[PDB]
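Peer 1: structure, please.
(chains A and B)
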Amino acid sequence: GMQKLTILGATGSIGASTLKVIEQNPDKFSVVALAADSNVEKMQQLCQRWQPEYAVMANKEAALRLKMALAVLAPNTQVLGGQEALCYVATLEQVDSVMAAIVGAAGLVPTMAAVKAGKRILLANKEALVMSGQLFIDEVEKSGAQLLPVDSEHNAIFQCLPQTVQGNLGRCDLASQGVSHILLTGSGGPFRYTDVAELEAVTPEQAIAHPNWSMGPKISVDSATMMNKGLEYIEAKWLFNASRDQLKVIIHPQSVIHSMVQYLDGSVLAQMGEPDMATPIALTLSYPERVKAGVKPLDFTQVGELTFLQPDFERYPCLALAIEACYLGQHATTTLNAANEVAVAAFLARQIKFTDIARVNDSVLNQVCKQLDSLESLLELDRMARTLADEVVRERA
Amino acid sequence: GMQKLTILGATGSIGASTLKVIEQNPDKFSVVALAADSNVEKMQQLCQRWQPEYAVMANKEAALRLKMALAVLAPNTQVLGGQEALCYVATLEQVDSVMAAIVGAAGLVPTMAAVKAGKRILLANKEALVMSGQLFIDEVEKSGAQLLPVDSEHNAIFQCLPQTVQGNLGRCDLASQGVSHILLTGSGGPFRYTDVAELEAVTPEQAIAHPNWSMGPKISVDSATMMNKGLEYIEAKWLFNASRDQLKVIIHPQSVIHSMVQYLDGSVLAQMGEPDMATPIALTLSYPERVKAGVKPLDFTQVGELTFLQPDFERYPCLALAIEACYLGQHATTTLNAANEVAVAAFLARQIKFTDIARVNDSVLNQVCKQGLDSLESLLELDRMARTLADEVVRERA
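Peer 2: Numbers count the residues shown, from 1 in each chain, chains lettered A, B, ... in the order given. Take a look:
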C-alpha cells in the first residue's frame, strides 16, 4: 500500500531531505501535494520533477506566478494560494501523512488542520508544542492523529523508547513502561568551555560559530545560550508526557549521540548516526518499518571521542528559564519564545550584549506571568510579549 | 503472575547477580530450585537464605554433604545429586524459567533438558551455541522454548533490535526488519595498543591483567587474544541468524557501550550502562517488561571519553580463526574451542609463548577440517579428538 504525502515547507532543507528519502523508495511513497512560502523558482523545479496533484504557495502573489510557470511544465498540477489552501492540502482524503515543516507561527494553523483530520503528522515545526503543546496533544487525542517527531533529539528519544510508548505519544506512562528518565543531549554551543566572565563581551561573529553545524543565525545563537535545548525540552515534555523527574539534559559536545533513555534495570539506550536529517525523517515516514534514506552507516573508525558534561546555569541561564516556563504552561512558553525571538534579533543587530538575551527573557517572562486558550489567543499573547520585549531591549541600550 | 525459577549454577557470580534481581522483586519471582557443582559451603548459605524446594549438587558426594548441612539450615529443602537431578529441576512442571549458568560441557545436557521442556532459557553457558548451535536452535524451534541471552554483548544487541526480531531469535530475518549490521563490541584486552612484534615475548603475568574487570585466568587470556570475542561472535551468529556481512567487531576500549545495531536508514542504537550483570539478567527475567535490578543509573560524570577502533587481525589472529570457524559450522567451532582450552592451559604453564596460542588453534583447526546427523555425544567425542591433537602440537612448540 502506497503512502500518500503532503509536504508543507517543501523548498527548505527538511523538504529536500524528505524528498531524498522518497526518491530512494519510489514503490513505497507518493507525493500528492507540495506547499511552500514565496520561493517560486525552487517550487517550479520541484513541481516539474515531482508532478504533484497540488502545489500551494502561502503567498497569493507567488501562487499566481507559479500557476503561470506550471501551466505547461506541470500541466496536471493545480496551483493554489494562501492559508486556506495549505489547510486544504493538509486535509485531503487520499493523504496519509503530512510533513509539517513550515516554520514559525504560520505553520500552526495548517499543522492543526492536519491534526483535526486525523493524519499522520511528521512534526518538524517547533511552535506547535512550544506555543501550544496542551492544545495539540488534546486535539491529537480527539482526532486519532499520530504524531511522529522529526527533530534529531526527539526522534532519537523515540527510537530509544519501547514500542508501547512509541504508539502512545502525548499520553504515555513512562514509569509503568520501565523508563526512569529521558536524557536530552546537546552540544553546549561555542561557549561550552569559555569562562562565564568572558560572555559579556561576546560578538555575533563568535556566537554563530557553531562547533558542529552551519545553521541560520537565530538558531545558532539559541544554541550558544542553550535556549535551543530549552525549547527542545519543552517539546519533549509534551511528546513524551514527562513529569519533572523524567527529563534531563546532558551536554555531549560531539553530537554523535543524539539522545538517550535510562531504563529501570540500569540499561541505557542511545541513538547515534551521521548528521543527516534524512535518517530521522525516514523513520517518521516508514514507522514501524525502516527504509533506505540515502545515508551511509556510521563509520566508527572516524567518529573520534565521545564525551559528556554537565551544564551549569551560570553559563546557560536561558535553559533554566525554559525548564521553568515548561512547567508553568502554554502562556509561559509562548511568552518566552516570543521574547527570545526579539532578544536574539536585538543581539544580532548589535543593540544588546550576549548576556542581555537572558535578561530580556527573564523580564518579559516575569511581567506577563505576574499579570480557554486557542491558537488565536496564543498568537495575541505572542504579539503582546513581542511588544514588552521591544520595550526591555530599548532600556538595555 | 509469579515467575518460578530454577537456577543452574547458583554459586558463581551469575547466580549471585540473578539472586540480587530476585531479592529486589519478591512479589514477581520465586526460587523453586538451586543447583551447583561441588561448592557446598556457598550452596548451604544460599539454601539457608532462600529455603528452596530443591537443592541439587552435580557431584553426588557433594550432595551428601549438603543434605547433612541442610538438616539444620534448611530443613524443608530436598537435596538431590547428579546429572539426572539437574535435568529434573530444569524440567519441573511448575518452573517457568531456567537460568542456565553451569559452565562448560557439563551444562549442555541440563540446558538441553530445559530446552526440550519448552522453558524460558536464560542462557549463560557459551558451549550450547559455540559447540552445538544448530542443534540448540533446532530444539528450541521444536519445543517452543524462548531463548534470552544473558551475556553482556548479546543482551545489548537484543535490546538494540526491534521487537519482531527479539521474539524470533535463531530464525530472524534481519535484512527484512531493516537491520544492516550488528556491531559486537569488546575492550581489545591488555595488548590493544601494543606493537604486533612485541607479542612473542608476552608473559602470563602481563596477559592476565584485563584493563576493565578481574576474572579467572583462562577467560582473561581469551580476552588478551580476543578469542573471547570470537566465541561471542559465534554465539551471536546463531542467536541472531547473522551472515558474516551482518556481524562486525569493533573495539571500544572503555566498555561502557556494550554493543550496537546499525539500521538501514543510518540509525544506530547502542546499549550502555554500569558494569553489573544484574542489568542484563533482569531483562532476561522480566522481558518484555522491565524491573529494578539493584543497579544505579549510568553516571555520565564518571564515564570519561568513549573511543572506537578497528581490530587488527595481525594482532588478534584468534579472532580471525573464530570468524572463519563460525561459517564452517559446528565441527569447526567445537574444534577451535577445544584446541583453545588446551593452548591456553599450555601458555599458563609456561610451556608455550603467547603467540603460539593462535598457532596451536590454527594447526588443530586445519587437521580436523581437511576431513549421522551431529549430537551432543558426537560433538563431545569431537571435542576429545581435538584436545588430543592440541596436546600434540603443544608438545611440538618448545
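
Peer 1: what residues sit buried inside the helix ranked longest in chain A?
Peer 2: Ranked by residue count under DSSP state H, the longest helix found in chain A is helix A:375-396. Buried residues in helix A:375-396, defined by neighbour count with 16 or more other CB atoms under 10 Å in any protein chain shown: A:375, A:378-379, A:381-382, A:384-386, A:388-389, A:392-393, A:396. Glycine gets a C-beta too; all of them are placed from N, C-alpha and C.

Peer 1: show me what it is packed up against.
Peer 2: Contact partners of helix A:375-396 among helices and strands, from 3 or more CB pairs under 8 Å, 6 or more residues apart in numbering or on different chains; DSSP states H and E: helix A:108-116, helix A:127-143, helix A:330-348, helix A:356-370.

Peer 1: identify whichever of the ones you listed lies nearest to chain B.
Peer 2: When these are ranked by distance to chain B, counting by CB to the nearest CB, first place goes to helix A:127-143 at 22.5 Å.

Peer 1: so which elements touch that closest one?
Peer 2: Secondary-structure packing of helix A:127-143 (3+ CB pairs under 8 Å, 6+ apart): helix A:108-116, strand A:146-149, helix A:227-240, helix A:330-348, helix A:375-396.

Peer 1: how about a cut-off of 10 Å?
Peer 2: On a contact count with 3 or more CB pairs under 10 Å, 6 or more residues apart in numbering or on different chains; DSSP states H and E, helix A:127-143 meets helix A:108-116, strand A:120-123, strand A:146-149, helix A:227-240, helix A:317-328, helix A:330-348, helix A:375-396.

Peer 1: how far is it from where the chain is centred?
Peer 2: Offset of helix A:127-143 from its chain centre (CA atoms, centre = their mean, to the nearest Å): 14 Å.

Peer 1: and the angle from the longest helix of chain A to helix A:108-116?
Peer 2: Taking axes from the mean of the first three to the mean of the last three CA atoms, to 10 degrees, one finds that helix A:375-396 is oriented at 150 degrees with respect to helix A:108-116.

Peer 1: just the C-alphas of helix A:375-396, formatted as PDB.
Peer 2: The C-alpha atoms that make up helix A:375-396 are tabulated as PDB, following Å, rounded to 0.1, in the frame of the first residue of the first chain:
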ATOM      1  CA  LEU A 375      -4.300  29.400  18.600                       C
ATOM      2  CA  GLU A 376      -5.700  32.900  18.100                       C
ATOM      3  CA  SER A 377      -5.500  33.800  21.800                       C
ATOM      4  CA  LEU A 378      -1.900  32.400  22.000                       C
ATOM      5  CA  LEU A 379      -0.900  34.500  18.900                       C
ATOM      6  CA  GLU A 380      -2.300  37.600  20.600                       C
ATOM      7  CA  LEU A 381      -0.100  36.700  23.600                       C
ATOM      8  CA  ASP A 382       2.900  36.300  21.300                       C
ATOM      9  CA  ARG A 383       2.300  39.800  19.900                       C
ATOM     10  CA  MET A 384       1.900  41.300  23.500                       C
ATOM     11  CA  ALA A 385       5.200  39.500  24.500                       C
ATOM     12  CA  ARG A 386       7.000  40.900  21.500                       C
ATOM     13  CA  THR A 387       5.900  44.400  22.400                       C
ATOM     14  CA  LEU A 388       7.100  44.000  26.000                       C
ATOM     15  CA  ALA A 389      10.400  42.600  24.800                       C
ATOM     16  CA  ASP A 390      10.800  45.600  22.300                       C
ATOM     17  CA  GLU A 391      10.500  47.800  25.400                       C
ATOM     18  CA  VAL A 392      13.100  45.900  27.500                       C
ATOM     19  CA  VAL A 393      15.600  45.900  24.600                       C
ATOM     20  CA  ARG A 394      15.200  49.800  24.400                       C
ATOM     21  CA  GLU A 395      16.200  50.000  28.100                       C
ATOM     22  CA  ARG A 396      19.200  47.700  27.800                       C
END
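
Peer 1: quick check: angle from it to helix A:127-143?
Peer 2: Orientation of helix A:375-396 against helix A:127-143 (the same axes, to 10 degrees) gives an angle of 160 degrees.

Peer 1: mind listing what's buried in whichever strand or helix holds residue A:45?
Peer 2: Element membership of residue A:45, judged by DSSP states H and E, is helix A:40-50. Buried residues in helix A:40-50, counting neighbours by 16+ other CB under 10 Å, are found at A:40, A:43, A:44, A:46, A:47, A:50.

Peer 1: can you count the residues close to the residue of the stretch 101-250 of chain A found nearest chain B?
Peer 2: Going by CB to the nearest CB, chain B is nearest to residue A:178 of the stretch 101-250 of chain A, at 2.8 Å. Using other CB atoms under 10 Å in any protein chain shown, residue A:178 has 23 other residues around it.

Peer 1: what residues are up against it?
Peer 2: A:162, A:164-165, A:261-265, A:267, B:282-283, B:286, B:288-292 (CB atoms under 10 Å, 6 or more residues apart in numbering or on different chains).

Peer 1: skipping adjacent residues, who's closest to it in space?
Peer 2: The shortest distance from residue A:178 to any non-neighbouring residue, by CB to CB, 6 or more residues apart in numbering or on different chains, is to residue B:290 (2.8 Å).

Peer 1: good, wrapping up.
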